[PDB]
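Below is one structure, written out as structure tokens; the observations come after it.
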Amino acid sequence: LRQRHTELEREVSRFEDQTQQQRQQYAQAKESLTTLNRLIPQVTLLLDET
Amino acid sequence: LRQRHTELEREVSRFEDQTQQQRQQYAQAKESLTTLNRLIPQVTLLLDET
Amino acid sequence: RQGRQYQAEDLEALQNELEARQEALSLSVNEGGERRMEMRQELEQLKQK
Amino acid sequence: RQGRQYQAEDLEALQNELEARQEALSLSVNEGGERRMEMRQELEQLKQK
């Protein structure tokens with residue numbers, strides 16, 4: 001059970017690492033998507049590269 | 001523990017309902033925001049009601 | 001569709017409002033599911049017991 | 001800021017992909033939370049044992 005606890009702690013660490021990494025990364029991704037869909041949600045088409 | 005099962009099921013039903021409605025309305029509001037910044041992301045300025 | 005005329009002449013501000021709503025979406029769901037999810041685990045535990 | 005010159009000529013596909021990645025955000029976060037809390041309950045069981 002102590003070995004189980006050690007492995008469970010390792011698993012807690014792994015979950016925390018994954019959740020952090022993913023939430024931060026996808027938060028920056030969300031920010032980038034928001035910037036695109038705010039500033040240039042097909043505003044480029046309005047520009048149309050005319 | 002079976003009485004606890006019953007009460008837990010009641011709580012789950014309540015939360016499930018609330019989450020379903022909340023997510024539906026907020027998804028609709030999100031979709032409204034997307035329609036705004038997609039059809040009229042300040043495209044009204046180009047329209048300009050001239 | 002949402003609002004009936006709802007100041008469509010200059011609706012900029014509303015988008016920002018929706019942003020808050022959008023945020024409140026995640027929260028409002030993230031907690032909700034978690035709660036039920038929590039009890040689901042407990043439910044399983046109860047069943048096992 | 002993201003990329004350096006990143007298909008600005010046509011970026012809608014990228015917007016869609018990032019939407020998919022936000023869906024991934026939701027799924028991944030919920031999955032991590034459920035698993036970690038379930039295995040925390042397991043930790044508690046192991047402790048009592």
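A note on labels: chains of the structure tokens are A, B, ... as shown, every chain counts residues from 1, and ligands are counted from 1 in their shown order.
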Within 8 Å of region 28-35 of chain D using only C-alpha atoms, minus same-chain residues under 4 positions, as an MDAnalysis selection string: (chainID A and resid 15:16 18:19 22:23) or (chainID C and resid 30 34 37:38) or (chainID D and resid 24 39)
Output for the residues just chosen: C-alpha atoms as a CSV table (one decimal), in the first residue's frame:
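What follows is the written file again_12.csv:
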chain,number,residue,atom,x,y,z
A,15,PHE,CA,-2.0,14.7,-13.8
A,16,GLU,CA,-1.0,18.0,-12.4
A,18,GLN,CA,-0.6,17.5,-17.8
A,19,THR,CA,-3.4,19.7,-16.6
A,22,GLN,CA,-2.6,21.7,-21.4
A,23,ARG,CA,-4.6,24.5,-19.7
C,30,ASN,CA,-16.7,23.4,-15.2
C,34,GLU,CA,-17.4,18.5,-11.6
C,37,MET,CA,-18.8,14.0,-11.5
C,38,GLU,CA,-17.7,14.1,-7.9
D,24,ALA,CA,-9.6,19.6,-26.5
D,39,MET,CA,-7.5,8.5,-7.6
Please return, as a ChimeraX atom specification, all residues of chain C lying within 9 Å of chain B when only C-alpha atoms are considered. /C:1-2,9-12,14-16,18-19,21-22,24-26,28-29,32-33,35-37,39-40,42-43,46-47,49
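Superposing chain C on chain D by least squares over all C-alpha atoms, matched in sequence order, gives an RMSD of 1.2 Å.
If you look at CA of residue 27 (chain C) and CA of residue 5 (chain C), they are 29.1 Å away from each other.
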